[PDB]
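Trainee: Can you look at this? It's an experimental structure, sequence on top.
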Amino acid sequence: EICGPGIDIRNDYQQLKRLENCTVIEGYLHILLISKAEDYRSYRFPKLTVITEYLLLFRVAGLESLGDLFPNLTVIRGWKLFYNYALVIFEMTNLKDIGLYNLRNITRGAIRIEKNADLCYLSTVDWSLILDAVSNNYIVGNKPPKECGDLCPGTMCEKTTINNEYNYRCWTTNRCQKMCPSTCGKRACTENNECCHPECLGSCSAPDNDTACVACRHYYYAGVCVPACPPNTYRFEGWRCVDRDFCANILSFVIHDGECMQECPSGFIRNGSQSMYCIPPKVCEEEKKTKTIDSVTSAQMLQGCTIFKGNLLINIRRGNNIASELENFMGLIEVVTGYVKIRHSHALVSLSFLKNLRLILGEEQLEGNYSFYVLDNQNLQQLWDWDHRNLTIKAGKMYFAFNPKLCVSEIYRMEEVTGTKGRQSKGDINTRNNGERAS
Amino acid sequence: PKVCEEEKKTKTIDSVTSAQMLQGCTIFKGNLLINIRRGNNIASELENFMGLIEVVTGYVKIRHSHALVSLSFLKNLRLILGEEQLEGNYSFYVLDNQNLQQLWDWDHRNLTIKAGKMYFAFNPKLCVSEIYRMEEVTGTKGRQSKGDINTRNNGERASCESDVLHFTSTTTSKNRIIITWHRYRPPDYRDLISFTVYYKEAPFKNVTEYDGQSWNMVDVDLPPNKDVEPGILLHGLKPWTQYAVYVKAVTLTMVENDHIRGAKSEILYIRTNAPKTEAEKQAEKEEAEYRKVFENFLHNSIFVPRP
Amino acid sequence: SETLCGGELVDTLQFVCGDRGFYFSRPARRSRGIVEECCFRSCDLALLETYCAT
Ligand SMILES: *[C@@H]1O[C@H](CO)[C@@H](O)[C@H](O)[C@H]1NC(C)=O
Ligand SMILES: *[C@@H]1O[C@H](CO)[C@@H](O)[C@H](O)[C@H]1NC(C)=O
Ligand SMILES: *[C@@H]1O[C@H](CO)[C@@H](O)[C@H](O)[C@H]1NC(C)=O
Ligand SMILES: *[C@@H]1O[C@H](CO)[C@@H](O)[C@H](O)[C@H]1NC(C)=O
């Protein structure tokens, strides 16, 4: 069964039987607050093989190991994320070891594995084999290093230079990190490590038969993995191809550029002549005045908004390359009508990703009537304001403080292209802390 | 006492070596500048080269003097004469002093300014609540007006009111101290990250925190049992000797600024019976900085109320 | 209690909801966080049954 639109499981293990038929989940999975801790090994779900979104486990107080639950869970595509993370394993007060031993790709997000009171087998498993960008992982606060004694049997197991180590790699005391040899190159492999079709992701029931894949590194259609969707078939929910018989009969839809989608994007609109016609603006809403931005999850809510009729805050503590995504969501924003603020955004080097931002109307301001404000941005070397590109502030003051790597000449050049000298003191745009350590 | 006349109208002091010439000056018939960029222990020697200086006929300026947390080295000061009242008619001037925590303005010592008001800006760690006392004690109680001493940047990051820690219990040996304090609950218990304990040998009570940092620093972490009020063993101290001790709470001064409270003990003096690391400023802060917010997100997202 | 925020928030919630269990429904829904309602602002210890099933 292709379950969905998304599974939130809480209160008791006895509700968990809802999974007994699912094999793909077109949505997140939550497992929450199972405080009874008792039923434990009464449940199994071998049908499950791909989760198209994040997996969250929180305080599942009874559970020793997820390999009792999800032995075959092979791909977590991460088409939605949870605060950059595609997998979260948090306060599992009794969890000893992960299991998941068949897991073979995580196709977008990072990992946050944290506070787990008894979790052995952390990082004795090469996250760079299973996913790119290990530097976005955040494994913290767990059972401290020397206490475990992580092992494989006989340790006599599959090995690598675990980072700058060289070691056996071990999901749990019973199982190696089942691995496909380098002879496969980019390919995955079947059991007996024979390299499979280059559209398979993770394991495969027989070598190099396109039907044989478990999961598809691009799209699934009619029981075969394929690098792109067939003619007249539309990409849907980031992993499968469909036709109007589905997309018309999703509950309240449109079709566009071979995507099946909840609304037409910027530059296209409903033509009522037939409801398929996204004929060639897009407005984000408000509810808080302050639509804070902190992660790809909160930024994904803006995906393709043209007019943002609120006030931003930006707060990006960490994330090696997140601007590459923020351009994809937010670079279409031409207008912010409120104020704008930036705070503690130690990950940003540049606003460059704000690709098409034109205006800041200052319909709403900070205390002190600041319509723009920039504080404590310990790495923001550059503004997007290269003179090729305009930025018009239609009312109110600017402010700038403690931007240590941002040359004052740069913010002055912004003062030039915004033409906005006659609104600030020495302090509001000071040399005395902005850029004070800029190289 | 001895009067000194110096060849400039204003003697700049850039260093101990330039202060050195004034050593044993008491009455300085000139202006002074302090411009002390960098250098070790300097305040200990400037009290020797200048601490006896008590009567300055000019103005006094201090600038860029990021070396100086404390003016305590100008021990005795009595008079600034205003003969060189500046623009705005200022005779004392401290600007851009990016580490200045504490003026001499303290219970032990008064001051007089003969004439010429006081100016302050870009003193980010000098609490704006401190100077209100100093301007009254100096007699310039109401001569200044709003813009002459800005409220915006002065002390902007400083913990200008701190809760008080209570010493609950104490213990001593011929070479050890064991000491405890009440469980300080900050308003949002994640906000605390650690306690710092300072101690130094202090045979007389005329002591303050700002005595140059001579304070030995000890770092101690709240034990994970929330039923245990914290404590520490201090060991290898001098027998038959008084030691001084005090405690400062470490807190994430973010999100809410002054609503992040900060906490400090009073000073405690003990008679015994007859390492530090650089990055932990961030490398610990990181692990609550970037964990508290993820928890607050997860709790906002996972719970949803019924209708 | 003026404010509650961390582990003791999920503990006091489990205590008040007890064995009735928590409510959840898809965001379909409002963007207002319980934490702003009970950690930053002054919290109300009689509200937190409103999160439990009924
Ligand atoms: C699972 O599928 C079988 C076969 O259709 C059905 O009898 C059973 O009730 C289903 N259970 C759930 C929980 O969907
Ligand atoms: C996971 O699959 C994605 C598919 O786009 C690929 O880019 C990524 O490198 C794969 N990682 C591993 C470890 O196979
Ligand atoms: C500052 O902002 C408020 C609210 O937008 C406005 O009423 C006021 O006129 C502005 N200008 C000031 C306070 O000088
Ligand atoms: C404090 O008292 C001692 C007497 O023990 C004295 O020598 C010293 O000069 C006084 N002042 C300071 C700053 O220590």
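Mentor: Cool, the structure landed. Numbering: from 1, shown residues only, chains lettered A, B, ... in the order given. Ligands and ions are numbered 1, 2, ... in the order given.

Trainee: tell me the phi and psi of the residue nearest to the spatial centre of chain C?
Mentor: Centroid check for chain C by CA atoms, centre = their mean gives residue C:48 as the closest residue, at 4.8 Å. With angles defined as degrees, to the nearest 10, residue C:48 sits at phi -70, psi 0.

Trainee: does it really touch residue C:18, like I thought?
Mentor: No: with contact defined as CB atoms under 8 Å, residue C:48 does not count as touching residue C:18 (11.4 Å). C-beta coordinates here come from the backbone N, C-alpha and C atoms, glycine included.

Trainee: I'd assumed residue A:376 was in contact with residue A:344.
Mentor: Yes: using CB under 8 Å, residue A:344 is in contact with residue A:376, at 5.2 Å.

Trainee: Can you report how many residues lie near residue 25?
Mentor: Looking at chain A here, since you left the chain open. Around residue A:25 there are 22 other residues, counting by other CB atoms under 10 Å in any protein chain shown.

Trainee: wrong chain, I was asking about chain C
Mentor: Quick note: residue C:25 (other CB under 10 Å) scores 11 neighbours.

Trainee: mind checking which helix or strand it is in?
Mentor: For residue C:25, there is no helix or strand it lies in under DSSP states H and E.

Trainee: need the strands for chain C, in chain order.
Mentor: Secondary structure of chain C, counting by DSSP state E: no strands present.

Trainee: Any residues of the stretch 201-350 of chain A in contact with ligand 2? List them.
Mentor: A:201, A:217 (CB under 6 Å from any ligand atom).

Trainee: tell me which parts of the stretch 201-350 of chain A are close to chain B?
Mentor: Contact residues, the stretch 201-350 of chain A versus chain B (CB under 8 Å from any CB of the partner chain): A:294, A:295, A:317, A:318, A:344.

Trainee: And residue A:150, how far from chain C?
Mentor: Residue A:150 sits 27 Å away from chain C, going by CB to the nearest CB, to the nearest Å.

Trainee: What's the local residue count around the residue of the stretch 301-439 of chain A found nearest chain C?
Mentor: Going by CB to the nearest CB, chain C is nearest to residue A:301 of the stretch 301-439 of chain A, at 9.0 Å. For residue A:301, the neighbour count with other CB under 10 Å is 14.

Trainee: What sits closest to it if chain neighbours are left out?
Mentor: residue A:284 (7.6 Å; CB to CB, 6 or more residues apart in numbering or on different chains).

Trainee: List the buried residues in stretch A:229-248.
Mentor: Buried residues in stretch A:229-248, defined by neighbour count with 16 or more other CB atoms under 10 Å in any protein chain shown: A:229, A:233, A:234, A:235, A:236, A:237, A:238, A:239, A:240, A:241, A:242, A:247.

Trainee: Tell me the one of these nearest residue A:79?
Mentor: Distance to residue A:79, by CB to CB, is smallest for residue A:238 among these, at 3.9 Å.

Trainee: Tabulate the buried residues of stretch A:229-248 (JSON lines), appending secondary structure.
Mentor: Below are those laid out as JSON lines (DSSP: H, G, I helix; E, B strand; the rest coil):
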{"residue": "A:229", "secondary structure": "coil"}
{"residue": "A:233", "secondary structure": "coil"}
{"residue": "A:234", "secondary structure": "strand"}
{"residue": "A:235", "secondary structure": "strand"}
{"residue": "A:236", "secondary structure": "strand"}
{"residue": "A:237", "secondary structure": "coil"}
{"residue": "A:238", "secondary structure": "coil"}
{"residue": "A:239", "secondary structure": "coil"}
{"residue": "A:240", "secondary structure": "strand"}
{"residue": "A:241", "secondary structure": "strand"}
{"residue": "A:242", "secondary structure": "strand"}
{"residue": "A:247", "secondary structure": "helix"}
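
Trainee: With distance to residue A:61 added, can I get those residues in JSON lines?
Mentor: Below are the buried residues of stretch A:229-248 laid out as JSON lines (distance: CB to CB, whole Å):
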{"residue": "A:229", "distance to residue A:61": "43"}
{"residue": "A:233", "distance to residue A:61": "45"}
{"residue": "A:234", "distance to residue A:61": "43"}
{"residue": "A:235", "distance to residue A:61": "40"}
{"residue": "A:236", "distance to residue A:61": "37"}
{"residue": "A:237", "distance to residue A:61": "33"}
{"residue": "A:238", "distance to residue A:61": "33"}
{"residue": "A:239", "distance to residue A:61": "33"}
{"residue": "A:240", "distance to residue A:61": "36"}
{"residue": "A:241", "distance to residue A:61": "41"}
{"residue": "A:242", "distance to residue A:61": "40"}
{"residue": "A:247", "distance to residue A:61": "42"}
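
Trainee: The residues you listed: which ones sit near ligand 1?
Mentor: Counting by CB under 6 Å from any ligand atom, no member of the buried residues of stretch A:229-248 reaches ligand 1.

Trainee: Dump the C-alpha coordinates for stretch A:137-157 into PDB.
Mentor: Provided in PDB are the C-alpha atoms of stretch A:137-157 (Å, rounded to 0.1, in the frame of the first residue of the first chain):
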ATOM      1  CA  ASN A 137      25.100  16.100  10.900                       C
ATOM      2  CA  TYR A 138      24.600  17.000  14.600                       C
ATOM      3  CA  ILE A 139      25.200  14.000  16.900                       C
ATOM      4  CA  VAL A 140      25.400  15.500  20.400                       C
ATOM      5  CA  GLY A 141      24.900  14.800  24.000                       C
ATOM      6  CA  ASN A 142      24.400  11.000  23.700                       C
ATOM      7  CA  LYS A 143      26.000   8.300  25.900                       C
ATOM      8  CA  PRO A 144      29.500   9.500  26.100                       C
ATOM      9  CA  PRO A 145      32.200   8.000  24.000                       C
ATOM     10  CA  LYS A 146      34.200   5.600  26.200                       C
ATOM     11  CA  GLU A 147      31.300   4.000  28.000                       C
ATOM     12  CA  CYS A 148      29.900   1.800  25.200                       C
ATOM     13  CA  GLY A 149      32.500  -0.600  23.700                       C
ATOM     14  CA  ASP A 150      31.000  -0.600  20.200                       C
ATOM     15  CA  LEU A 151      31.600  -3.900  18.500                       C
ATOM     16  CA  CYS A 152      30.800  -6.200  15.700                       C
ATOM     17  CA  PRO A 153      30.800 -10.000  16.100                       C
ATOM     18  CA  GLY A 154      34.300 -11.400  16.300                       C
ATOM     19  CA  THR A 155      35.700  -7.900  16.700                       C
ATOM     20  CA  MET A 156      36.000 -10.000  11.300                       C
ATOM     21  CA  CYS A 157      33.700  -7.400   9.700                       C
END
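
Trainee: Which residues does that stretch contact?
Mentor: A:85, A:110-124, A:127, A:168-170, A:173-176, A:318, B:287, B:290-291 (CB atoms under 8 Å, 6 or more residues apart in numbering or on different chains).

Trainee: Now list the buried members of the residues you listed.
Mentor: With burial judged by 16+ other CB under 10 Å, the buried subset of the contacts of stretch A:137-157 is A:85, A:110-116, A:119-124, A:127, A:168-170, A:175-176, A:318, B:291.

Trainee: Restricted to strands, list these.
Mentor: Those of those mapping onto strands are A:85, A:110, A:111, A:112, A:113, A:114, A:168, A:170, A:175, A:176, per DSSP E.

Trainee: And for stretch A:49-56, what's in contact with it?
Mentor: Taking CB under 8 Å, 6+ apart as the rule, stretch A:49-56 contacts A:6, A:23-32, A:72-82, A:85-88, A:90, A:109, A:214-215, A:237-239, B:302.

Trainee: so how far does it reach from one end to the other?
Mentor: Chord length of stretch A:49-56, first to last residue, is 16 Å (CA to CA, to the nearest Å).
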